[PDB]
Amino acid sequence: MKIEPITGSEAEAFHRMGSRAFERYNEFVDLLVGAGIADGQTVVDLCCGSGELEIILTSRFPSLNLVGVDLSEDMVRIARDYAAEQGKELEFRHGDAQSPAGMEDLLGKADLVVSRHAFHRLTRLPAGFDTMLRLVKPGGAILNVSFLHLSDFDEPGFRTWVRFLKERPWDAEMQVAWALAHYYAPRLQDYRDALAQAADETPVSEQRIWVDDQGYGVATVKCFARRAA
Amino acid sequence: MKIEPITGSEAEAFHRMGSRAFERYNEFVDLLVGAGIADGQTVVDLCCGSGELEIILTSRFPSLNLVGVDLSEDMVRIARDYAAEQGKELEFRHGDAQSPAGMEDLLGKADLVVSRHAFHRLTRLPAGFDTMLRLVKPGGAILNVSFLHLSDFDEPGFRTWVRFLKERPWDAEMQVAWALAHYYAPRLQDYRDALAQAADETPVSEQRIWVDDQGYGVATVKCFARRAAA
Ligand SMILES: Nc1ncnc2c1ncn2[C@@H]1O[C@H](CSCC[C@H](N)C(=O)O)[C@@H](O)[C@H]1O
Ligand SMILES: Nc1ncnc2c1ncn2[C@@H]1O[C@H](CSCC[C@H](N)C(=O)O)[C@@H](O)[C@H]1O
């Protein structure tokens, strides 16, 4: 079965690869800008991993109030060390994206709630979007970008997928993790269903889901919504 | 929780009341004329109820190709019998306004797609408008007129609401359903959001939401758009 967290040497390796390849976060940062991210806002990043996005965002936007959340304590610890390494004061938090638990003080407070390359791992996708919309304030936006199931790739997209898999500088284990993460990723319609389910509970004034590739290097699923005011 | 369909004897009763109050549709019929309705067009009515609009429209515009759709089979049942009773030839279908399922043959075919006093009942309002824009031809129009949430009534508007309820010739059980329908209605801004959303997915050349009362007897929300040309 699919595994949710990334732990131990897997996580150190995820952090080594990631923080050298900053370029590949640019797609996500650009969506945030399009989503209305701005100085002084409160931004919650669910499944924050080793903190790369947090370092990028604080560097670009020193004004932001950032809270990273991850289910893997090791990731939380790596992130804090990485923050210290970069001389930054960032809040990291142990937590499950599938529930508000441990984040009750953030309920209705985030200007933006976001997750990068993580929600495909969730056991209950609708619960992830539920947590996002409950954390975000009325009028605020949520953004998820995560992996698409292998069955929704067309021929050119799949060629690009295999080519991407080959061209990366990762080992046997980390190749398999990333491929397996697509084996178990939700389909496009699964994303649309999950977000629709979450919006039945917390109304949105806008929603949108699509698949493209604007820089990461394979197609990923974009899910955007704005909580109704 | 809010309910979508109107069923059984409540639908028989709905029909009994509507049957003898054609005048209450004049406001809606007048808006269709403003929307560009014309003889020989194909017109889909979503959430058609017991078919009163279809009887009125076929009488006023005899060669319109009218398709009524409703989630209540009993409403469909009623509508069909009522059309036969009136000696008219009219297609009624079972279906959900929140999706094109069962209406794929109408996709992109309607010159007008309309719904009267029903969209406030939908669980997913944006999907209602999506089905509307998808059923209409490029260059065609959509019109929804439906109920306003109680929170968007100003004082005079609300006084009217109470007075309308009082002086309607109908029983306790009917009043409550009509009141509850407003209790659960979208706010004005919810209508604006749901239509913009539907228009993000199917482009419009024109749209407009407003609130007034030109005949029905309370303020209702009007939603109009024209699908962009191909
Ligand atoms: N249910 C859950 N709640 C919170 N974090 C979770 C989670 N399931 C998996 N994760 C975390 O999701 C992350 C996937 S890797 C993505 C890390 C980071 N968002 C980035 O883009 O670089 C891991 O850190 C993993 O521990
Ligand atoms: N999701 C849905 N899809 C189709 N019809 C629906 C629906 N939700 C409610 N309805 C129908 O909406 C109608 C509301 S009563 C309005 C009837 C008619 N339009 C008229 O103006 O007289 C009922 O017949 C009910 O069954």
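Here is the naming used below: chain letters follow the sequence lines, and residue numbers restart at 1 for every chain.
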Checklist entry - So with a 6.0 Å cut-off around CZ of A:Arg60, is the heavy-atom count from everything else above 12? => result no

Item to check | Crowding at CZ, B:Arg168 (>12 non-hydrogen neighbours, <6.0 Å) | outcome: yes

Checklist entry - Take atom OH in A:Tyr183; do more than 12 heavy atoms of anything else shown fall under 6.0 Å from it? => result no

Next on the checklist: With a 4.5 angstrom heavy-atom cut-off, is it the side chain or the backbone of B:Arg192 that approaches chain A, or both, or neither?
Outcome noted: neither

Next on the checklist: Return the CD to CZ distance between B:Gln197 and A:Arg226, rounded to the nearest 0.5 Å.
Outcome noted: 12.0 Å

Checklist entry - Is it true that atom CZ of A:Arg163 has more than 12 heavy atoms of other residues, nucleotides or ligands lying nearer than 6.0 Å? => result no

Checklist entry - Can we say B:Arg124 and A:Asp200 salt-bridge, meaning some charged N sits less than 4.0 Å from an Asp/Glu carboxylate O? => result yes

Checklist entry - So what's closer than 4.5 Å to chain B heavy atoms on A:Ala196: side chain, backbone, both or neither? => result both

